[PDB]
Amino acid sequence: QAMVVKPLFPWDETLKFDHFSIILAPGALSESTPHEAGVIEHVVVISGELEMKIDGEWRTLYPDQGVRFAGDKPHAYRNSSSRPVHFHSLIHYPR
């Protein structure tokens, strides 16, 4: 399977916060779905190498490297390495 998503914790009503663990197979590309205005997303690489397209530009992130950005803007996740990439996606929804 190209992309396997698993919540690390259930939806957190108090913190308005989701925390997902995602494994992206070699060669897989995933485009973000739309989010509510004001959502903030953090991506942190756990293992492997991840390519993130943010503000129309690609960058490579290595383990324990991360990026914080506007989750409501189009972005993409891509694995151009030869092994799965495991990363976390944290989402803070606005109050």
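Residue numbers run from 1 along the displayed sequence.
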(request) Tell me which of 6-14 and 80-88 has the higher mean C-alpha B-factor in the deposited entry. (result) 6-14
(message) Taking only the Cα B-factors deposited for this chain, tell me whether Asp55 sits in the lowest, middle or highest third.
(response) highest
(request) Check where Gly48 lands among this chain's C-alpha B-factors and tell me if it's the lowest, middle or highest third. (result) middle
(message) Can you tell me whether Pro26 has a C-alpha B-factor in the lowest, middle or highest third compared with the other modelled residues of the same chain?
(response) highest
